[PDB]
Structures are given as C-alpha cells and as structure tokens.
Amino acid sequence: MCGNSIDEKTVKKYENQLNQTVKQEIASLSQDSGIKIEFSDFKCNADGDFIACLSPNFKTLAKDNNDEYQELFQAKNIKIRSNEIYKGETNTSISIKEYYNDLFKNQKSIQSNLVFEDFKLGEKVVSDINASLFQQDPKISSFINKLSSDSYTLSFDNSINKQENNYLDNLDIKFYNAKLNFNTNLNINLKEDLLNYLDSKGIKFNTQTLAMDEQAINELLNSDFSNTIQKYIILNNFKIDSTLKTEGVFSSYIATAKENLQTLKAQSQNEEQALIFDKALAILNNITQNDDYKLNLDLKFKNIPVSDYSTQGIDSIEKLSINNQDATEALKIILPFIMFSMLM
C-alpha cells in the first residue's frame, strides 16, 4: 500500500535545495555570458516514494551579435521526479555506501525524471536550420520548418537497480511528438566495488544539505584516478529507436540515394566492400518502407570494463543491428577505416 511516506517538512527541504542548486547554475552559467535564463522556482509535492516537482514558463536566451537577446528554446513546464529521497532526519553525515544501501532496502530501484513539457525551439534556431538545409524544394523546406517549429516533449530518465554485487543503470533520452519520436537508451553496468572505492575517498552524504561531501583536507592530499573509476564501469547496450511521419517528402532522395549505393556497389573493388553496401541498402529500404520512416539501432559491447577499451579495441563491441538487420561485421569494416582515416 502506497501513500504518505514523505512528510511535508522533507518535501519542502528537497524543494529548497533543488531551487537553490538550479538558481546557482543559472547564475553561474549566465553572468557575463550573454546566456540568460528565465526560470520559476519549482513547486514540489510527494507522490508516494517519489517527490514531484513542477517549474513553469522556462526559456534560454543566448546573445545577439547585435546587442539584443535571441531565444534558444523554451518549455511550458519542467517536471522533475525522483525516489532518491532520504527520509531520516538524522543530521549525521553518512557514508556513501550506507546512503545507497538505505535506498535499495526500501525500494527495488532508484529512479529519476527530468521532462520538458511543450519544449519549443526559438524562431532564430529554426532560421539557422532552414538556412542550413536549403534544397530549394518548397515542400521539404515547408516540412522541415513545420517540424522545427513544432513543439515537443523532451525527457531524460535514469534508473539504477541492485543486482547481485552489481548495479544496473539505465539511462534513456526521449524526444517526441505526433510527427516524430526519437528515443535513445544506454545501459551501463557498475560493480559494487565502485561504491566501495568512492567511500575510500571519505565521501559522505550530508543529510543536512543533501549533497555528497568530501573532506577538505583531501584537496591538500591530492595524479589522476578518474581512469580507475573506468575499471568498474561496464557498457552493455546503446540503442536508438525512432520514427518520422515524413508526409512522403524525402521519397526523391531515397530514390537517388539508392541509385548511388547500386552505382558504388559495382565500383566496389572487393567483396568486403560489396556487402557493406548490400547492407547499407538492406537497412535503407527497411527504414523507408513507407512515409513512416523507422530506425531501430541496437549496439552491444561484450562485458569488459571501459578502461580496457584502448587495449581490446573495436572488439570491445560484440554486435550491431539496424532494423532487424545485422551490421556487426560491416561496422567492423568501416569503423577502423573511419577510425584510421579520421585520426589523421
């Protein structure tokens, strides 16, 4: 039975702390910069274990070369939620390892959302993007301007679950609309040792202010072991799954695009090279089988630390798949050339 687990005093505390962090970050980003931000304090209310926060009428403005402000973007509201709520009033800096153990004892997974409701680009950033791609094909320019003007729901969601001596983190970004839907998902794996190691540097959660705190002396006691954190971060899967209702406007490029793949398929010197394109093709028809263009990517890395990525190489990866096509071997071909070409 779920309800009233968060007393109001606490909810107000988290709110004060959230409004305070952000306000600093506005003022830190902004000053002397010509980036300006409008932002109203959040209002927060308990939603079971989560706390739900809503800030309204938000927008970001960079600086006009002429001295006036240009709107980068806006949102009607921002909502935040998190169930990473430390309920106790104990007011005694606890060890970081305990901080998380306390959370995972009372809930299966700790979880957090930042959402931009009615996220809308600024008329200049659209102008930039229309002057950017100009095909001189009115419909596409109209389609592109319509799409770049249209307003969307942007979302960042993270979740962390305790499995065995391991932690399973799942980051997720979504950008969506009636006309398009772009969603990308990263799946880290994190070894319980990372937690032990952090505690080793005397990192403690201050139940008063709600931030992790470190001993000031550590400063005087500090080369660079941010690398060593890498030993306990394992990547699993990266993914892009998206769709666009094109209103049948690209139909012409996909046509000539196709021709080029077929023309370059003969130009292919070696079979390795042929398959690349056979694949590129496969993938393309599939994507653009109809005005609703669909892209379903899914990368898989074999489970090894991210510190060994220099040593194990491109074989850090294990498998790729785009729209139920397998493009592992083909990346494996292209990536080293790209990697070799691009590095010089």
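The rules we used
Residues numbered from 1 in each chain as written, not as in the entry; some residues may be left out. Heavy atoms only, no water. Helix = DSSP H or I, 4+ residues; strand = E, 2+ residues; numbered from the N terminus. Buried < 20%, exposed > 50% of the residue type's maximum accessible area, 1.4 Å probe, protein only. Areas by Shrake-Rupley, 256 points an atom, 1.4 Å probe, with all protein chains shown as cover. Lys, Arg positive; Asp, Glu negative; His and termini not counted. Charge placed at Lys NZ, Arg CZ, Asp CG, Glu CD. Salt bridge = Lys/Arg side-chain N within 4 Å of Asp/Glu carboxyl O. Disulfide = S-S within 2.5 Å.

- Method of determination, as annotated in the archive: X-ray crystallography, at 2.70 Å resolution.

### Regarding the overall build of the protein
For step 1, the next point in the chain: Across its full length, the protein carries 11 helices and 14 strands.
For step 2, the next point in the chain: Referenced to the eigenvectors of the C-alpha coordinate spread, the extents of the protein come out at roughly 70 × 50 × 50 Å.
For step 3, the next point in the chain: The burial tally for the protein puts 32% of its 344 residues in the buried class.
For step 4, the next point in the chain: Accessible surface for the protein amounts to roughly 21400 Å². Of this, 52% is attributable to carbon and sulfur atoms.
For step 5, the next point in the chain: Averaging the locations of the 36 positively and 48 negatively charged side chains of the protein gives two centres separated by 4 Å.

### With respect to the pattern of salt bridges
For step 1, the next point in the chain: Taken as a whole and assessed by the stated rule, the structure comprises 12 salt bridges.
For step 2, the next point in the chain: Here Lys79 makes a salt bridge to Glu117, at a shortest N to O gap of 3.6 Å. Placement of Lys79 in strand 4 (residues 69–82) and of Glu117 in strand 6 (residues 109–121) is noted, with a sequence separation of 38 residues between them.
For step 3, the next point in the chain: The exposure class assigned to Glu117 is partly exposed, which follows from its relative accessible area of 25%.
For step 4, the next point in the chain: Across the salt bridge formed by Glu247 and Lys179, the nearest N and O atoms sit 3.6 Å from each other.
For step 5, the next point in the chain: Note on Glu247: relative accessible area 38%, which makes it partly exposed.
For step 6, the next point in the chain: Take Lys179: its relative accessible area is 30%, and that puts it in the partly exposed class.
For step 7, the next point in the chain: When salt bridges that share partners are traced, they join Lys146, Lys179 and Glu247 into one network.

### Some details on unusual backbone geometry
For step 1, the next point in the chain: We note that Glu164 has phi near 45°; this positive angle belongs to a residue other than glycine.
For step 2, the next point in the chain: Mapped onto the secondary structure, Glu164 falls in the loop between strand 7 (152–163) and strand 8 (166–176).
For step 3, the next point in the chain: Positive phi values are uncommon outside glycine, yet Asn324 reaches one of about 55°.
For step 4, the next point in the chain: Topologically, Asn324 is positioned in the loop between strand 14 (317–322) and helix 11 (328–342).
For step 5, the next point in the chain: Residue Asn324 is classed as exposed on the basis of its relative accessible area of 76%.

### Overview of the state of the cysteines
For step 1, the next point in the chain: Counted according to the given criterion, the structure contains 1 disulfide.
For step 2, the next point in the chain: In this model, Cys44 is linked to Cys53 through a disulfide, with the two sulfur atoms separated by 2.0 Å. One quick way to see it: the torsion about the S-S bond of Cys44 and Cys53 is about 110°, and its sign makes the bridge right-handed. This pair shows no difference in class: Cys44 is buried, exactly as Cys53 is.
For step 3, the next point in the chain: In this structure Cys2 is a free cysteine whose sulfur lies 18 Å from that of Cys53, the closest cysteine sulfur available.

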